[PDB]
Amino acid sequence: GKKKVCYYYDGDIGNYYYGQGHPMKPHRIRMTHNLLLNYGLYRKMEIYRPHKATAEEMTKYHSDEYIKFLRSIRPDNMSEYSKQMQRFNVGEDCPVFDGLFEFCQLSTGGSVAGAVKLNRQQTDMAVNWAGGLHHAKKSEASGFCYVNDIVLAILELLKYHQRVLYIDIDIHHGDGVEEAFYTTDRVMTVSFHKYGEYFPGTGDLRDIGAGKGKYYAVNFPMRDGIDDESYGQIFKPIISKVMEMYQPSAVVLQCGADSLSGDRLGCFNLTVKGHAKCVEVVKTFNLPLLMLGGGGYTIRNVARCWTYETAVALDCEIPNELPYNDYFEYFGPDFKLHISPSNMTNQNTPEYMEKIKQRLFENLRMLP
């Protein structure tokens, strides 16, 4: 049936600035919010302002030393932390910016609050577009991510759920999440990503987990230019097999929008409909679902993607003609919600797609 959706957003989020030339723009979360408000989606869901996650919350995963450094580091005292910055990988991809810790606290707070809401059985779905920062490690920032809100949200879910399924549709491999749960069968991690001389360099299909976690990490490595047809060819069959074999009681879906056509950093060719079909596929399983953000660098397309995926979560049809909004000029020259794929070559042949799927199916046969 139609589901109860709780959505997390803090109006301050859009003001956090990574710095001149940095592609990660928290402003895209505000654009997403303003667009979905203008479509009238607030009438169908509960809108919550997340709390600022504390150090006690963050240290359920991250080390005390790393969190203390994030809590202390500022552009004014940077010069006194040169060594600490190199140790925790802060300074280039993961810059020090005003309000960095507070940005982490709000990104994390939405994911953790959403997980609590699902655990209490007070919502069917929880949405946190400021979350999904999949690369952060126990004691290290990485790929524009500092605090792993996903790992913290899954640890919250594990209090009430024996098995939690994690699915990652961002163009980049969900390394941080896969790493945290690599040796456990209590979380199965499933990542679809561009692989081969691409950030972060991990997610080979041969990386399948270790110890009790062997066969509980799934990687689908892809080439440049994947399209809606090819993605759709494998996503439903793989998720269906995962659901059948793994039988999770809760799901976390990372919806990184950098897998869309025309992304500033991405090299895929999905449309918003192709991306959102993933949400529709996961939705059909009727399991408690936490939907998260992630990458996404062509901000107009990020706002379109996450607005449509919120409408999909709500089973609410919305017009293709964009309503007026505070960022209306960003959506030109068309002013439409949906996007067209580019003429880029799809390097993922149908044979390649079927072969990787068959290899992953062999691995899934190894589950109890």
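Residue indices: 1-based, along the sequence shown.
Checked against the record, the higher mean CA B factor of 81-89 and 156-164 lies with 81-89. For the pair 28-36 and 51-59, the record assigns the higher mean C-alpha temperature factor to 51-59. Note on the listed residues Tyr324, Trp306, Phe331, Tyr66: the highest Cα temperature factor in the record is that of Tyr66. Sorting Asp263, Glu244, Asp170, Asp227 by the CA temperature factor given in the entry leaves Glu244 at the top. When the modelled residues of the chain are ordered by C-alpha B-factor, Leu70 sits in the highest third. When the CA B factors of the chain's modelled residues are split into thirds, the value for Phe192 lands in the lowest one.
Residue-level temperature factors show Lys336 in the middle third of its chain, judged at the C-alpha atom. In this PDB entry, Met344 carries a Cα temperature factor that places it within the highest third of its chain's modelled residues. In this PDB entry, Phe101 carries a Cα temperature factor that places it within the lowest third of its chain's modelled residues.
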